Amino acid sequence: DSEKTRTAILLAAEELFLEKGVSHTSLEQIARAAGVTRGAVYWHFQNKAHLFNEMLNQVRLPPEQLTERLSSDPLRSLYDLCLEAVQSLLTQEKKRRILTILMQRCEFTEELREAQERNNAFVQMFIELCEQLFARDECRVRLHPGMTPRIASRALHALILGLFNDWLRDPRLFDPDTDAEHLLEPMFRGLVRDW
Amino acid sequence: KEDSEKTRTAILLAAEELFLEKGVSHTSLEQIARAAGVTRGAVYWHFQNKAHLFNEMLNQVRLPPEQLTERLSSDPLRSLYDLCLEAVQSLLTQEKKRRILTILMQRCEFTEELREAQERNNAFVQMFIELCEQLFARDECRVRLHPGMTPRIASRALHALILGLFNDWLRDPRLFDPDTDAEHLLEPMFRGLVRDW
């Protein structure tokens with residue numbers, strides 16, 4: 001009953017944020033566009049930052065799935081995961097739309113403090129997982145001399161983030177389907193001995 | 001000549017501080033004028049609109065095309081590495097650069113009202129990418145790429161890494177030290193692209 005109202009609100013906000021930007025989109029405007037009362041929006045989402053965060057959650061992998069996925073070869077699972085993430089830019093319109101909002105249509109003022117904090121936390125976690133993965137004896141032994149797990153996880157994440165950022169800014173740059181393999185290849189070849 | 005160039009700088013500094021604190025959307029030209037100790041007409045007079053103002057601000061911090069080319073023209077796969085290394089390291093050594101780029105990647109949303117700024121931003125990136133592509137495409141360099149690494153992919157992989165490092169660090173500066181970690185963050189990309197390295 002209410003879960004249908006929640007989705008309606010988030011879809012409306014998704015469209016508005018995407019067209020107008022987050023700053024220039026109010027909760028009143030979202031309510032109106034969703035065919036709903038202002039009170040109902042405030043009721044379900046409290047404030048704009050929390051709304052924005054719930055929206056992002058529709059598209060983020062929960063911690064339990066990440067861990068389970070990276071637990072034979074973990075260094076190949078990580079590659080696979082990254083490859084699929086890049087490839088998802090094409091195959092998942094919802095993901096594409098929401099991430100273009102995140103990286104292109106919003107500014108992290110005080111009013112979005114909560115959203116930034118939880119965004120940082122999510123990235124921090126992914127980085128910590130990779131760090132831990134690279135830090136295992138089985139994996140660490142395979143890194144090149146002077147590649148530490150700390151640097152490896154950060155180099156990798158930066159690459160993924162950059163690809164997302166570049167492509168969403170300008171989708172002519174590459175094809176997420178057929179170029180993803182080759183865009184990621186050098187990073188993994190540069191980190192790992194055999195590859 | 002000079003009289004007005006002083007007024008221009010004052011306006012840009014005011015906007016830099018305001019954009020950084022409030023965000024670009026929530027910063028008006030009226031507010032900039034007031035913070036700069038100047039009339040609203042003078043701002044409009046020097047910069048026309050917010051997007052153009054924002055673009056002039058970024059220009060203070062961008063390498064012109066002629067310097068890029070000159071820098072990448074013995075070993076030039078090395079000059080490119082050096083250039084990237086310095087870019088990452090500049091995050092610490094140049095506060096003005098840091099402030100303005102934090103605005104670009106963190107404190108502004110590319111709506112219609114900033115269409116002009118986005119277009120010229122794209123053009124600048126497009127150019128850097130085209131230069132790298134051309135560099136990797138030279139016989140001297142191309143021969144050194146691994147099997148199935150094309151210049152097109154190489155330039156885009158590299159740029160994405162640089163962009164990502166800037167983005168990550170400016171979002172969370174605890175992640176790494178631009179001074180002492182830059183070498184090691186870039187190392188694998190270059191080792192992965194080039195045979196000998």
# chains A, B, ... in the order shown; residues from 1 in each chain; ligands from 1
>>> closest_atom_pairs(of="chain A", to="chain B", cutoff="6 Å", atoms="only C-alpha atoms", output="Markdown table")
| residue | atom | partner | partner_atom | distance |
| --- | --- | --- | --- | --- |
| A:21 | CA | B:111 | CA | 5.8 |
| A:104 | CA | B:109 | CA | 5.6 |
| A:105 | CA | B:109 | CA | 4.3 |
| A:106 | CA | B:109 | CA | 4.6 |
| A:107 | CA | B:107 | CA | 4.5 |
| A:108 | CA | B:107 | CA | 5.6 |
| A:109 | CA | B:23 | CA | 5.9 |
| A:155 | CA | B:185 | CA | 5.2 |
| A:158 | CA | B:164 | CA | 4.2 |
| A:159 | CA | B:161 | CA | 4.3 |
| A:161 | CA | B:164 | CA | 5.3 |
| A:162 | CA | B:164 | CA | 3.9 |
| A:163 | CA | B:160 | CA | 5.1 |
| A:183 | CA | B:157 | CA | 5.1 |
| A:186 | CA | B:192 | CA | 3.8 |
| A:187 | CA | B:189 | CA | 4.9 |
| A:189 | CA | B:192 | CA | 5.0 |
| A:190 | CA | B:188 | CA | 3.8 |
| A:191 | CA | B:188 | CA | 5.5 |
>>> atom_distance(atom1="atom CA of residue 192 of chain A", atom2="atom CA of residue 143 of chain A")
4.7 Å
>>> residues_around(residues="residue 134 of chain A", least_positions_apart="6", cutoff="10 Å", atoms="only C-alpha atoms", output="ChimeraX atom specification")
/A:74-75,128,140-143,147-153,191-192
>>> select_by_dssp(residues="segment 12-86 of chain B", states="helix (DSSP H, G or I)", output="number ranges by chain")
B: 12-22, 29-36, 40-47, 50-59, 65-72, 76-86
>>> residues_around(residues="residue 55 of chain B", least_positions_apart="2", cutoff="12 Å", atoms="only C-alpha atoms", output="PyMOL selection string")
chain B and resi 12+15-16+47-53+57-62+100-101+103-104+114-122+124
>>> residues_around(residues="residue 25 of chain A", least_positions_apart="6", cutoff="10 Å", atoms="only C-alpha atoms", output="list in words")
residues 13, 16, 17, 18, 19 and 48 of chain A
>>> residues_around(residues="residue 87 of chain A", least_positions_apart="2", cutoff="6 Å", atoms="only C-alpha atoms", output="ChimeraX atom specification")
/A:84-85,89,176-177
